[PDB]
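Structure first, commentary second.
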Amino acid sequence: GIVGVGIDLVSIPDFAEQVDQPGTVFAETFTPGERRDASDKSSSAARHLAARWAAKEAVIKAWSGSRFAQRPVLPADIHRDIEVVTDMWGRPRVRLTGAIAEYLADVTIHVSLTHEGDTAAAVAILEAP
Amino acid sequence: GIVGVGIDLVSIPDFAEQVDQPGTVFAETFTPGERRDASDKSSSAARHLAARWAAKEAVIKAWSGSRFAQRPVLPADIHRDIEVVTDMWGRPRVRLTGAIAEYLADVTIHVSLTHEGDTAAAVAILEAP
Amino acid sequence: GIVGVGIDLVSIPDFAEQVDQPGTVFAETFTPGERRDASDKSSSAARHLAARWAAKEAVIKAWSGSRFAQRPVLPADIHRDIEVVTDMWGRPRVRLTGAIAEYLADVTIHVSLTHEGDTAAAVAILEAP
Ligand SMILES: [Br-]
Ligand SMILES: [Br-]
Ligand SMILES: [Br-]
Ligand SMILES: [Br-]
Ligand SMILES: [Br-]
Ligand SMILES: [Br-]
Ligand SMILES: [Br-]
Ligand SMILES: [Br-]
Ligand SMILES: [Br-]
Ligand SMILES: [Cl-]
Ligand SMILES: [Cl-]
Ligand SMILES: [Cl-]
Ligand SMILES: [Cl-]
Ligand SMILES: [Cl-]
Ligand SMILES: [Cl-]
Ligand SMILES: [Cl-]
Ligand SMILES: [Cl-]
Ligand SMILES: [Cl-]
Ligand SMILES: [Cl-]
Ligand SMILES: [Cl-]
Ligand SMILES: [Cl-]
Ligand SMILES: [Cl-]
Ligand SMILES: [Cl-]
Ligand SMILES: [Cl-]
Ligand SMILES: [Cl-]
Ligand SMILES: [Cl-]
Ligand SMILES: [Cl-]
Ligand SMILES: [Cl-]
Ligand code: NA
Ligand code: NA
Ligand code: NA
Ligand code: NA
Ligand code: NA
Ligand code: NA
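Protein chains in written order, with full-length UniProt numbering: chain A, 2 to 130; chain B, 2 to 130; chain C, 2 to 130.
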């Protein structure tokens with residue numbers, strides 16, 4: 002059964018403008034090299050990191066959206082609890098830590114990432130038996 | 002003096018439908034046996050656990066409602082910080098952990114639980130000298 | 002560059018009425034002596050602690066306001082992660098702990114506190130290179 006669905010679009014130029022700025026959440030998610038590389042809006046790193054950010058948001062949307070009219074239970078640092086990793090061929094998967102890992106124990110997170118020009122996007126479908 | 006008041010109603014059938022499903026907060030509050038037993042909407046466990054859930058919500062309401070127009074300070078995992086225990090005769094009391102235990106140090110939590118047919122309910126009155 | 006700006010006003014009488022009451026966040030920020038002293042609305046402690054509270058709120062406003070249309074990431078216990086200390090001559094500065102310390106690494110927090118009659122106020126300007 003489907004637990005939740007989420008989609009997110011990210012402006013790659015806006016992302017690049019912010020990703021290496023002090024006073025943002027991004028140090029908690031990304032390395033200083035990643036953040037420096039991603040601060041150029043036409044780089045590989047910007048495109049890829051923006052799509053990773055998109056994927057985190059799509060997961061958060063997918064789970065939160067499953068709890069209509071319920072007080073939120075996602076921790077304030079949720080962005081650093083959801084990691085998008087890739088295998089050697091670039092296939093993505095989501096790794097979790099903290100409370101969300103316990104909430105989504107026994108749930109499969111299907112994710113896909115894409116980018117084009119100034120736009121990155123991701124979709125997440127949460128599925129459980 | 003009264004610090005806060007809260008009341009919550011819970012649909013026992015809706016509760017039973019959700020309590021043992023993956024992708025919910027319930028594993029953090031309830032044991033797998035409790036969750037399995039409570040997944041039948043006409044069982045003892047469903048009625049009792051639904052009323053416990055109701056009591057957690059009534060406590061949260063009672064305290065949050067005391068802070069009108071203030072940014073919330075309840076942690077995301079607040080549901081697992083409030084436990085409803087009973088003595089050998091079924092009398093309920095509330096046990097706290099985390100920040101809410103510190104906030105409600107020196108406050109007495111008066112609680113009552115009830116159920117009937119497809120409905121559980123609880124009321125909480127927080128009192129302090 | 003400016004990361005954020007915040008301003009807060011605090012009613013010193015309302016603050017004094019609440020600061021030493023059970024069932025409030027204040028034990029986490031202030032000592033029992035501070036809280037007892039500050040519970041008289043015409044005392045030095047009330048005026049000073051109200052302005053410290055104002056400063057915490059101004060910092061929170063300054064940073065949160067920098068994230069228009071973004072899900073909040075400040076932890077529920079944010080008030081106890083922001084401390085206003087003073088040097089021997091009463092000049093204030095802000096000390097941080099927890100996630101906000103990481104978010105505001107490399108950001109300078111300029112703060113000022115004031116009080117008059119029944120009103121305390123503070124302003125925070127967050128600046129980053
Ligand atoms: Br949520
Ligand atoms: Br974070
Ligand atoms: Br990531
Ligand atoms: Br609250
Ligand atoms: Br929880
Ligand atoms: Br419980
Ligand atoms: Br925020
Ligand atoms: Br706090
Ligand atoms: Br302080
Ligand atoms: Cl959006
Ligand atoms: Cl964007
Ligand atoms: Cl940010
Ligand atoms: Cl970094
Ligand atoms: Cl591999
Ligand atoms: Cl993909
Ligand atoms: Cl309700
Ligand atoms: Cl319900
Ligand atoms: Cl849930
Ligand atoms: Cl369980
Ligand atoms: Cl007993
Ligand atoms: Cl009772
Ligand atoms: Cl305000
Ligand atoms: Cl006020
Ligand atoms: Cl409070
Ligand atoms: Cl105290
Ligand atoms: Cl939180
Ligand atoms: Cl000094
Ligand atoms: Cl000053
Ligand atoms: Na997939
Ligand atoms: Na996929
Ligand atoms: Na009672
Ligand atoms: Na009772
Ligand atoms: Na300054
Ligand atoms: Na100053």
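Cβ atoms here follow ideal geometry from the backbone N, Cα and C, with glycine treated the same way.
Buried or exposed by the 16-neighbour rule on C-beta atoms within 10 Å, applied to residue i
i: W90 (chain A); result: exposed
i: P33 (chain A); result: exposed
i: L10 (chain C); result: exposed
i: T30 (chain B); result: buried
i: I3 (chain C); result: exposed
i: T25 (chain A); result: buried
i: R36 (chain A); result: buried
i: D38 (chain C); result: buried
i: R96 (chain B); result: exposed
i: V85 (chain B); result: buried
i: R53 (chain B); result: buried
i: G66 (chain B); result: exposed
i: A70 (chain B); result: exposed
i: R92 (chain A); result: exposed
Host beta strand (DSSP E) of residue i (start-end)
i: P93 (chain B); result: 93 to 97
i: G2 (chain A); result: Note, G2 (chain A): premise wrong, no beta strand (DSSP E); not H, not E.
i: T115 (chain C); result: 109 to 117
Closer than 9 Å to chain B by CB, residue i
i: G24 (chain C); result: yes
i: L97 (chain A); result: no
i: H80 (chain C); result: yes
i: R94 (chain A); result: no
i: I101 (chain C); result: no
i: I61 (chain C); result: yes
i: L127 (chain A); result: yes
i: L50 (chain A); result: no
i: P130 (chain A); result: yes
i: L105 (chain A); result: yes
Any chain A beta carbon closer than 9 Å to residue i
i: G66 (chain C); result: no
i: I13 (chain B); result: no
i: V108 (chain C); result: yes
i: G7 (chain C); result: no
i: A28 (chain B); result: yes
i: residue 1 (chain C); result: Here chain C covers residues 2 to 130 and nothing more, so residue 1 (chain C) does not appear.
i: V112 (chain C); result: no
Within-9 Å CB hit, residue i to chain C
i: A39 (chain A); result: no
i: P76 (chain A); result: yes
i: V86 (chain B); result: no
i: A56 (chain B); result: no
i: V4 (chain B); result: yes
Start-to-end residues for the alpha helix (DSSP H) that takes in residue i
i: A122 (chain A); result: No alpha helix (DSSP H) contains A122 (chain A), which is instead part of the beta strand (DSSP E) from 120 to 128.
i: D82 (chain A); result: 79 to 82
i: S43 (chain B); result: Note, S43 (chain B): premise wrong, no alpha helix (DSSP H); not H, not E.
i: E18 (chain C); result: 13 to 20
i: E103 (chain B); result: 100 to 104
Whole-angstrom C-beta distance between residue j and residue i, which should lie under 8 Å
i: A17 (chain A); j: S45 (chain A); result: Wrong, their Cβ atoms sit about 12 Å apart, outside the cutoff.
i: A77 (chain A); j: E103 (chain C); result: The pair is not a contact, with the Cβ atoms about 12 Å apart (cut-off 8 Å).
i: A59 (chain A); j: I8 (chain A); result: 6 Å
i: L105 (chain C); j: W64 (chain C); result: 7 Å
i: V6 (chain C); j: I126 (chain C); result: 5 Å
i: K42 (chain A); j: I13 (chain A); result: 6 Å
i: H80 (chain C); j: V108 (chain B); result: No, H80 (chain C) and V108 (chain B) are not in contact; Cβ-Cβ is about 18 Å, not under 8 Å.
i: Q22 (chain A); j: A129 (chain C); result: 7 Å
i: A121 (chain B); j: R48 (chain B); result: 6 Å
(message) Just to be sure I understand the criterion: a residue counts if its Cβ is closer than 5 Å to at least one heavy atom of ligand 17. Which residues meet that?
(response) B:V11, B:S12, B:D15
(request) With ligand 3 as the reference, list in chain order each residue whose Cβ lies under 5 Å from any of its heavy atoms. (result) A:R53, A:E84, A:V85
(request) Please list, following the chain, all residues that have a C-beta closer than 5 Å to any non-hydrogen atom of ligand 27. (result) C:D88, C:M89
(request) Taking 7 Å as the limit, tell me which residues put their C-beta closer than that to any heavy atom of ligand 31, in chain order. (result) B:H111, B:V112, B:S113
(message) Can you tell me which residues fall inside 7 Å of ligand 19, judged by beta-carbon distance to its nearest heavy atom, and keep chain order?
(response) B:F27, B:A28, B:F31, B:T32, B:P33, B:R36
(request) Kindly provide the chain-ordered list of residues whose Cβ lies closer than 7 Å to any non-hydrogen atom of ligand 7. (result) C:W64, C:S65, C:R68, C:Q71, C:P73, C:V74, C:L75
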